[PDB]
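Below you'll find only one chain, the form deposited in one PDB entry, shown as C-alpha cells.
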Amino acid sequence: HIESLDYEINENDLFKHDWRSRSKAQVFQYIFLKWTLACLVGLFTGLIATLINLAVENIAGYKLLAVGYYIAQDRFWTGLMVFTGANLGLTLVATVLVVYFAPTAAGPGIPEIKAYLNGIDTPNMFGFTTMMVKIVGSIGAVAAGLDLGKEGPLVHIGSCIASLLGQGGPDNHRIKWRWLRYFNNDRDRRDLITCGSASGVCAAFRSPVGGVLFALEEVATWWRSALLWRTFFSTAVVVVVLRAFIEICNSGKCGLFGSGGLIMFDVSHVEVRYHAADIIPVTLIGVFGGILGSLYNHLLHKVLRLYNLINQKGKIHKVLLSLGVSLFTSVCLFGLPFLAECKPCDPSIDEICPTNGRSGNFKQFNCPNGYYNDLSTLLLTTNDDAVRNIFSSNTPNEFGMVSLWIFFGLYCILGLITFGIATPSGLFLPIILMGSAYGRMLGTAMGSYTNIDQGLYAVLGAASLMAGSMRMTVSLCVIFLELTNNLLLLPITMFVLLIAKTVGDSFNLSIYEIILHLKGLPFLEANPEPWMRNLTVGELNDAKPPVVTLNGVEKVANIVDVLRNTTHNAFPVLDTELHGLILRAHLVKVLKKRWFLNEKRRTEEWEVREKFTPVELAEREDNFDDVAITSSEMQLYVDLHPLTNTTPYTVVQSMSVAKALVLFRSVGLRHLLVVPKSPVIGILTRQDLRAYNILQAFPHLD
C-alpha cells in the first residue's frame, strides 16, 4: 500500500498552509525562495548534465579512440576485448551502485515521477544517494555503449535535485533554515518535482520549451499558470548553463567534450517543401510508427514481466542480467559491422567520407581507403553520434537496406533487453534509434521518388516511434524542434506524431501507463469510465467497511484504537455534527506532544498555538510506534477540533462515481467525505475511485 499525498489546504490559520495568509515579510520570503529554488534547480541540473555529458563523452570517446587504435592496426580481436571489457566494467560499476546502494535509480524514474505528481507517495525515489547513483550510473551505462540514454535519467536527477533543494539537503543531513519551512507542503513539493522534471527533459535534449511541455503533457497531473513560469525559468537556466558549457570547452579545454554544436542532432540545412507525392510515405511512417510502437510496448511489457522474475530472485542476478545484456550489446555492436560490405565513397556527398576516429559520419572500420562501413557508422559509435549519422543532411543512399535492417533488428532487440536492467536506463534514445532505422529505411526505399531527405525521414520515423510508444503529441514536437532545428519539418512531424498516437492507441496504452500498471502504482486517470455515471458513491460505500470516525474531544484510548487497529490516514471528526477530517499525522502529533486534557473541554485557540507551531504541524517526523501512552493517560482527553480540516470536500450519497472521480482529480484530493443527501456515511480515497478496484467489487458494470 503506497499512500497518497496531501495537497489539500487546511484553511485554519494555525496551520498556515496558504502562503498569502502569512506576514508581509513571509510572502516576500516565499516568493524570493521559490524563484531562487527555480533558478537553483536550473543551475544544478545544467551543471550536473554538463558533468554527465563531459564524463560520458570523455570515457566513451577515449574508449572508442582506443578501440579504433586497435582497429586501425588490423587487430580486430584485441579491439573486441577492449570494447567488451570497458563496457562490462562500466556496466559493473553502474550495477553494483544500483543494486547494492540505490535500487530506485534503476530505470528512468519517469513512471514514478508521473506517479508522484499524480499524488502517490512513491518511497525512496527522490534522495541524495538515489541521485548520486543515477549520476554515476548514467555515466557508466551511457559510456558502456548500451541501448539507453542519459535523457530519462536526467528527468529523475533533476527532480532529485529539486527535492533536495526544497527540503534543504539529504535526509538527516538537512540544514535547519527557517526560510525552507514553506516548502514542507506536499503541494509545494509537487511544484518543485514538476520544475525539476521539466529541467531534466530540458537537460536531456537542450530543449527548454519541450521540457515545460513534457511536464505539462506527461508527468504533472495538476497545472497552474504560476508553476509554468517557474518551470519556464528552470528550463531557461538549464539550457543557458548547458550552452555556456558548450561555449567553454570549444577549443578542447575539457577533453573530448564540446566538439559539437549547441544544438543536439542539428539537421537544419535542408529545404522541406511539401509535395503531394510524399503524402503516402509520411502516413506510412506514421502507421508503422504506431504499429511498431504498439509492438514495442507489448514486448517491453512482457520483457519487464520476465525481468521482474529476475529482480525478485536476488541482487547478484540483476548484476548478471545486466552484465549479460552488456556483453551481448558489445559483441553485437562490434561483430555485426563485419557483416556489412564496404560501400565506396560517394563524390556527390559533400563532406569527408574516408573518416576514422571516435565520432563523425562515414566510418572506415574494416574497409580499404576510399570505402566506408555503413553499419559501424551506427553500431561502433556512441548512441548519440549514431543518431546524427542517420539524421544526416544531404547524404542520399548512404546506408544500404541490409545494414539498416541489421541496425533496426539489433536496436529492436537491444531496445527490449537494455531497458529493464538495473542500470539507469531510459526510453528516449532507444526509441529514437529504432525510429531512425526504419525512417531512413523508408527514405531509402523511395529511391528518387521523394524530395524529403532520408535524414529528415529519419526524424519523422523517430518521432513516430516516440508517438507510437509514449502517445504524446505536443511535447515531442517541441523536443524534436529543439533537437533538429527544422521549423518546416514541424507540421510533417505533427502529422506523423498524430497518426502514430492514433494507430498506437488502437492496440496498447502508453509506455508510461504500462510501467505504472507493472509497478502497481495507483494512478488516477483524467476522464472517468462511462459505467461510473451509473454507479453511485452511496452504493460504492455499501460495498466497503463502515467509517472509523472520531469525536471532537476524543479520549486518548479511542485515538490509539484508530491508530493501532486501522491503517487509514484520515478520520472524520464528529459530535450529530460533522466537523471535518483530522489526519493520522496530527493524531500522532497530539499523542507525541501529550496535549492531554483531564475533562471534555473544547479548548481556546491560545492553548493550541502554545503547543503547536506551524512548523510543528508540517513536519512528518513522527512515528506512531514510539509513543508509550500510560493507561492513566488513556482516560484523558484530546481536543481534535483545532487540528481538523474543518472544510473538507464532500459529495452527497446520491453523487455518481464519475463526478466524484472528477472532483477527486481536479482539486487534488486524498480523502473525499460522503455526507447524506450520522452526518458522515462514507469516505472515498484514491483506491475507491480507481476503476479496477470498482470492477472487483462490481463485476456487473462494463
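Just so we're on the same page, rigid core means the largest C-alpha set that superposes within 1.5 Å between forms. In this text, residue numbers run from 1 along the sequence as written.
From this point on, the text means the form deposited in another entry, which you will not see here.
- Of the residues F265, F428, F419, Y411, just one CA atom moves 2 angstroms or more between the shown form and the other one under rigid-core superposition; it belongs to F265.
- Relative to the superposed core, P123 shifts its CA atom by less than 2 Å between the shown form and the other one.
- Once both forms are fitted on their rigid core, the CA atom of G668 lies less than 2 Å apart between the shown form and the other one.
- With the core held fixed, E621 shows a CA shift below 2 Å between the shown form and the other one.
- Annotation for the pair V240/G261: C-alpha atoms recede from each other in the other form, by 3 Å or more compared with this form.
- Pairwise change in the other form: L262 and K134 C-alpha atoms lie closer than in the shown form, at least 3 Å.
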